[PDB]
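Coming up is one lone chain in structure tokens, specifically the form described as "closed state" in its entry title.
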């Protein structure tokens, strides 16, 4: 009998990467002035967005089934490990079945291979169940509906890491020039080029800061979580689905970004994505506050020491993005600058969150 921790971690990594890499087609969508107000391509963009959403949700359902199964298994074996690898192999093909369905929705091939993949996952999981039940020692101690916190955390970490990787790759592929366009830039000089490249580098830092602070909020929340509800699982799945779309909000090479659009509505889109990624973490926290006793640790209960701190940590980004959107709709003038300033202010607020919360609540105290 062997421990199953590492195998499940590998499965979580693979599944998270598979669910998150469906955003690349969306980033690669190209609209330029040839189709400025073309309806077909403009709705094609939303088509690809929705396709990404559904593929992510399907892969997440598969991951949840895997979690429920290896909650029952408990201890792994060589045969069980190879069967798990087969299941991973079958799951990895679902994105391809969707990728064949997108181009020819009416012709039934994609239908056929998608159903085949699903039924194959089913038979593989059933074989795992049978092999485990045949040998008692391979079953869980209790058998021999909460989700597992470790698997949720691993999936979330994988998604966030893949997002950051996408950002850095965008930068690396855009900015790096080659010679003759270099000396068409300047006196064969790449220092002038470099500082003509600086805002791009610093934008990368800003986007990575956004993603890392969202991960920090999720990590702080789940450090204080005793048990993970199914509702919290759904809300985390939605939060991660909208986190996967952050590259679309922060990218330069992406043919999505290279399209005719004003600064104000790009700010609106980015703030929409950020708000949707954050409000679901806040919703997880609110839902857990419903039965703290089973879902939360005593420190963050109503009237606890770190209750206000956690609430502020989770409500920082929602409020900032919402007020930036409100600036877009209200001011009409200083919106892009307000977005830039928010991307700078939120990190420092996270760094000095404790002092801010303390002095703020004292102020509210005596006045």
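Between two forms, the rigid core is defined as the largest C-alpha subset superposing within 1.5 Å. Numbering follows the first chain given and starts at 1.
Not on display, but discussed next: the form described as "open state" in its entry title.
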Subject >> Position that moves between the shown form and the other one after core superposition, taken from 175, 79, 220, 71, with Cα shift of 2 Å or more >> reply: 175
Subject >> Rigid core superposed: residue 231 CA moves 2 Å or more between the shown form and the other one >> reply: no
Subject >> Core-aligned C-alpha movement of residue 30 between the shown form and the other one reaching 2 Å >> reply: yes
Original post:
Once the two forms are fit on the core, has residue 184 moved its CA by at least 2 Å between the shown form and the other one?
Top reply: yes
**OP:** Since the Cα separation of residue 253 and residue 325 moves by 3 Å or more in the other form, tell me which way: closer or farther than here.
**Re:** closer
**OP:** Based on a C-alpha change of 3 angstroms or more, tell me if residue 271 and residue 253 lie closer or farther in the other form than in the shown form.
**Re:** closer
